[PDB]
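Peer 1: Protein chains in written order, with our numbering: chain A, 3 to 576; chain B, 47 to 619.
By construction, the Cβ of each residue, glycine as well, lies at the ideal position given by its N, Cα and C atoms.
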Amino acid sequence: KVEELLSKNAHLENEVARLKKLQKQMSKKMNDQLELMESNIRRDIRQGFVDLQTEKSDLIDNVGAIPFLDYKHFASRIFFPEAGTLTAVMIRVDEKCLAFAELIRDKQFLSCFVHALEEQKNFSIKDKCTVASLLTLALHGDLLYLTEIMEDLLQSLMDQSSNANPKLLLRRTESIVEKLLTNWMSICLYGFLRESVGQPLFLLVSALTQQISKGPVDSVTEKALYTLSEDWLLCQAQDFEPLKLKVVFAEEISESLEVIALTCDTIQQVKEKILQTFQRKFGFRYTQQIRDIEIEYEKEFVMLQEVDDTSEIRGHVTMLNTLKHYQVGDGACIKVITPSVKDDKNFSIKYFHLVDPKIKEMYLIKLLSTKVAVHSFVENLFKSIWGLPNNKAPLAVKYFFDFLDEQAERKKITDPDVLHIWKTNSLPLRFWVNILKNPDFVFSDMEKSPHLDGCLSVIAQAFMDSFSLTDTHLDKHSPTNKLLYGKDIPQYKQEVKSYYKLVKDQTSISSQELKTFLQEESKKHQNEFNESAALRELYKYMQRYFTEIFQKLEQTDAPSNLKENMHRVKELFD
Amino acid sequence: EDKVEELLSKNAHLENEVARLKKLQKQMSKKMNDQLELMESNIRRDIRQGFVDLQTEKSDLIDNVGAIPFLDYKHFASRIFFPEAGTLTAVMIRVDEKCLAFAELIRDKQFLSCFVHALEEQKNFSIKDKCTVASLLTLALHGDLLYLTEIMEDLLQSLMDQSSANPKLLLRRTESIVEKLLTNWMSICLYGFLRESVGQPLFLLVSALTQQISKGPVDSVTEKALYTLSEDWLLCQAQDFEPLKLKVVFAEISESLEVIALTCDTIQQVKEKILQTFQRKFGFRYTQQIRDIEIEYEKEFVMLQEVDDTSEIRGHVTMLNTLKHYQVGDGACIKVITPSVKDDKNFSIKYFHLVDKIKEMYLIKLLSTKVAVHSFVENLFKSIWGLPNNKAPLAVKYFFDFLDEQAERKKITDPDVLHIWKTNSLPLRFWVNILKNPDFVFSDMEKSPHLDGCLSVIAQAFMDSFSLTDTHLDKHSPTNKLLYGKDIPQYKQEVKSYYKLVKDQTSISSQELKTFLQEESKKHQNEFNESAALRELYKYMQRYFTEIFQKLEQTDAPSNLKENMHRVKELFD
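#1: Taking 7 Å as the limit between beta carbons, can you name the residues of its chain near residue 180/B, skipping five residues before and five after?
#2: Quick test of your reading: residue 502/B and residue 537/B, contact by CB under 8 Å. State the CB separation rounded to the nearest angstrom.
#3: Jot down the residue ranges of each uninterrupted alpha helix (DSSP H) in the segment 137-173 of chain B, minimum 4 residues, whole runs only, in chain order.
#4: So, do the segment 373-382 of chain A and the segment 269-289 of chain A have three or more beta carbon pairs nearer to each other than 8 Å?
#5: Does the distance from the CB of residue 554/B to the CB of residue 447/B come in under 8 Å?
#6: Taking any Cβ of chain C, which residues in the segment 48-70 of chain A have a Cβ under 7 Å from it, in chain order?
#7: Using a Cβ cut-off of 8 Å, pull out every chain A residue sitting near residue 166/B, in sequence order please.
#8: On the premise that residue 233/B lies in contact with residue 476/B, defined as a C-beta separation below 8 Å, what is that separation, rounded to the nearest angstrom?
#9: Residue range of the alpha helix (DSSP H) that residue 478/B falls in?
#10: Inspect the CB distances between the segment 441-449 of chain A and the segment 60-73 of chain A and report whether three or more fall short of 8 Å.
#11: Since residue 297/A contacts residue 306/A with CB under 8 Å, what's their CB separation in whole angstroms?
#12: What residues from chain B crowd round residue 18/A, counting only those whose CB sits closer than 8 Å?
#13: Any idea what DSSP makes of residue 360/B, helix, strand or coil?
#14: My understanding is that residue 382/B touches residue 271/B, with C-beta atoms under 8 Å, so please give their C-beta distance in whole angstroms.
#15: Only counting the same chain, and skipping five residues up and downstream in sequence, which positions put a Cβ closer than 8 Å to that of residue 366/A?
#16: Please determine if the segment 139-153 of chain B and the segment 600-619 of chain B are in contact, where contact requires at least 3 C-beta pairs separated by less than 8 Å.
#17: Helix, strand or coil: how does DSSP classify residue 579/A here?
#18: Please report the distance separating the alpha-carbon of residue 94/B from that of residue 331/A.
#19: According to DSSP, is residue 576/B helix, strand or coil?
#20: Cα separation between residue 278/A and residue 175/A?
#21: When you compare only the Cα positions, how much space is there between residue 106/B and residue 253/B?
#22: Which residues share a DSSP beta bridge with residue 248/A?
#23: Can you tell me the Cβ-Cβ gap for residue 498/A and residue 395/A, rounded? I've got them flagged as a contact below 8 Å.
#24: Inspect the beta-carbon positions of residue 380/B and residue 294/B and report whether they are closer than 8 Å.
#25: Quick check on this structure: which residue in 484/B, 588/B, 292/B has the alpha carbon closest to the alpha carbon of residue 250/B?
#26: Which same chain residues end up closer than 7 Å to residue 420/A when comparing Cβ atoms and leaving out the 5 residues on each side of it in sequence?
#27: Which of helix, strand or coil does DSSP assign to residue 264/B?
#28: Following a CB-centred definition, is residue 496/A positioned closer than 7 Å to any heavy atom of the ligand FAD?
#29: Counting only C-beta atoms, is residue 407/B closer than 8 Å to chain A at any point?
#30: Anything in chain B within Cβ reach of residue 10/A, meaning under 8 Å, just list it in chain order.
#31: Buried or exposed, going by whether 16 or more other CB atoms sit within 10 Å of the CB of residue 442/B?
#32: Quick check: is the beta carbon of residue 37/A nearer than 8 Å to any beta carbon in chain B?
#33: Relative to the C-alpha of residue 370/A, which residue among 412/A, 229/A, 158/A, 9/A is closest?
#34: Please name the residue, chosen from 222/A, 237/A, 240/A, 275/A, that lies closest to residue 247/A on a Cα-to-Cα basis.
#35: Tell me the rounded alpha-carbon separation between residue 505/B and residue 184/B.
#36: Spell out the partners DSSP gives residue 116/B in its beta bridges.
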């Protein structure tokens, strides 16, 4: 048994030797790894600083004519932004409808109708917005009458019970008159939108798209290097270098084009950068549908795809194919002719790009760096929103603001903060904010990404804060989203106070001019929507609360012919 | 056969080693993984903090002073004429026959002309000598600036038409006598405008740079700090600290005042900050001499100094007493009445403050500083190239019109050349020296080397404003150029305008010119003794006597003149 002792002893000696060596190896390895990470930290921090200090201004991308959506779809997204079971038919039988439409146009009927429906516990906000939008559809050919009824309704909404504090009015769209007012603002402001606000909004979108496209984007988390929102910022680092490709379009025709991509871009992302560079350099899409262009690399002429038979696999997730993967260098000929992975249901839990299983803050500069680069387009858009084209505000605004003036007067109020509260609560917060946050509603072929929605959310949060009436003091404890535009807000606050004041000072609106305009806008889209389906869906509510409506109608000394009309519509639809 | 014993014993020992080894290894592994974690967190906490600071900088640099403490013109000129040795300056600051002879001599245009030219035609004559005699001449003729202007101008006409190679390389640097002459002339003629428009914004910029650096930790040793404008002065290692709102009182009669110091300041630094916060607050200093104010702390009444019996010691170097060392809390009352270690020759090699690794981490601070002070800088600059009531200072309008005139006589149809001369003679000759040396202009101006580094950044930017080359900024640049880089192009435009606007201003009437120059002559007539100056100048005259006489003969000089020249050498000898 001394044999086993000699074997175990020799082994013990030898194992001590190994452990001793292993300790030293792992020590040196650790120290080296440390040096590496440190060097990378320095390099990336400095590179970030340098980027901030040296950002060229290349977001200058010409467009000319702007691809607005048809008014029907804009309105469709602004009236009903949830379901579209009726929108389709309302975009693209006469006796009962005529009866309901004749009925509706009677002021006291519509009044007692709305008032009755809003006098129900059984009546929710969704119903309210529904019937309000149906009303607008029904009376879009008669905006003047619509306006009048809305005014009477608003007067009621003030004088009635909201006297607890005049500042808590129109905070949010809950009543029928509120939804009504929103929709109204969309209608009467659509023109001014296309004239003044449309273009700079597009350019802000164009630019934002582009500036993010200068830096690496995880195709999975949808996170990137350039952003305005700290949540979308990339955690882990990324080693990469840009490529100046020479993409050509095609005994075949010639059409060269310099396109800038990266060594870490997925094929699809490169197709994006090329369609984008195209529409930004020329003003028109090469192909409207992104799923038509064949992309081909010339090795010595090989077609390239999202994934091929040579993709790395780690654990349970596959790595996408970048550009380094196909060994692509600087000045590589790329062909685009005329002949998806993301279409898969399970895409985010099967594919891998730039994150796997951590100094995020070293990229904070990028926020600033992005924020500066895009700032120009912002102040434009913003100053186009609260602007006075030829010292004149849009008629809708001037009228409605003068109305608020009148009503504040009629309530006997001596505190401008209130009028400011109404004014902000009825225009920038009901309408403009909803546009800045959703530009796809306005423009044709406007595919809007979640990240872009995040950044636009930051820009809009700052837009709202422009109208604040409270002196926010920025300190170490504040959202990063608020610390980006912080220094700029107190300016906007002053321009906003201005905008309101100058409007109040602008001359009154001639009733002849208001009527002319409103009837003009009625004419522009009279036959765009069918009153048919709207009145039809509206009567559903009418008969749902018929008894109540009738009772309220009695409560205000109504004529015979009117009640007879009501029962007549009921007896025609039934 | 007892081997079984040994093999066991040995194995025991061996196995034990293995055990320990593993444990050791294991523990060490953990340590590393923890170390990482810590540094990671620390890094974030600083990076973010820096970012946050850039986004939250309040404007508290608003510190009043009122009337500015200028230096007597005597010392200003003393430092702008001789910026090196002051063995002669002190004599001029605070024989009748011979001196009057020399003074009457110099006032002849032909003698002084031939003097200068001959002197400038000698290889034995160094630059330092040329500047020396130029300054001596200026001192000697300060009461007669009209004559001085005249001789200077004729000398310039000479230096210009004598070259006949490229007009863009005139007035580049100070090497001929005419050039140092030109500089000194500028100082005299513009000291007025200095006090007028450039005095205040410069002093306020110094006050501002002073305050902003005082906001963060400053290594008392390497003189490096957290808030700076040059990457070089930026701190390396992190420092851990919180601010302190001290209730400083002045003694028992009393007087209260809030001060903001740090939990990592040397006592001396705290003294600096109380004096500075005071003078920024009231407009005057409680004490001019900084070594008369006693600093006392109250714990139960206890005095505190630079080092005590309980100072930490590592390796072979001592650590200074911070405010944390004496356990000073937020709101600690500090007594100040009327009754250093930095004075020790071997100071920097014996002590320790904040160094004993990621520096780029603090690049934000440069910005954070650069932004914070920008206000003041744009003042100073836009004061320098500004036009008070649409009128450039007489001196400037005059000399610039002179340069136009001369350029026109050379048939030069190139605007770039006029621009080159104009920048080469005014902003680079005079203004830069003042940005980089505000202590020449101000009473009691302690200028730290760091402050000099920063001013060197700002001055480099200033200089870059007058440049005629479009600079494209890329990743390969200094940090100092990267800071103000996006600001330079606007300036270059303001400068081109300024030169155009000076030119388009109405000319200067000879009556107004003479009035001005004689007025400025009569102001400072008695501030310097012509005696010692002429005395030191005659040294130069007799050194190169024969050559002067030769240049004189070669220019049809009259008898009475040469007779005078020999007469003077007769008097001094």
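Peer 2: Let me lay it out:
#1: 223, 226, 227, 230, listed in sequence order.
#2: At roughly 17 Å, the Cβ-Cβ gap does not stay under 8 Å, so residue 502/B and residue 537/B are not in contact.
#3: You should have 142-152, 155-165.
#4: no
#5: Yes.
#6: Absent here is chain C; the protein component of the structure consists of chains A and B.
#7: Those do not exist, as residue 166/B stays about 46 Å from chain A at its closest Cβ, beyond 8 Å.
#8: 6 Å
#9: Start and end: 478-481.
#10: The segment 441-449 of chain A is in contact with the segment 60-73 of chain A.
#11: Contact flag correct, Cβ pair sits at about 6 Å.
#12: 60, 63, 64, 67
#13: strand
#14: So it is not a contact: roughly 25 Å between Cβ atoms.
#15: 232, 235, 482
#16: Contact between the segment 139-153 of chain B and the segment 600-619 of chain B is established, with three or more Cβ pairs separated by less than 8 Å.
#17: In this structure chain A extends from 3 to 576, so residue 579/A is not present and cannot be described.
#18: 36 Å
#19: helix
#20: 38 Å
#21: 12 Å
#22: 260/A, 335/A
#23: Residue 498/A to residue 395/A, Cβ: 13 Å. No contact.
#24: yes
#25: 484/B
#26: Excluding residues within five positions, the ones whose Cβ falls inside 7 Å are 168, 169, 410.
#27: Correct three-state label for residue 264/B: strand.
#28: As for the ligand FAD, it is missing from this structure, which has no ligand bound.
#29: yes
#30: 57
#31: buried
#32: no
#33: 229/A
#34: 275/A
#35: Rounded to the nearest angstrom, the two C-alpha atoms are 27 Å apart.
#36: For residue 116/B, DSSP records a beta bridge to 488/B.
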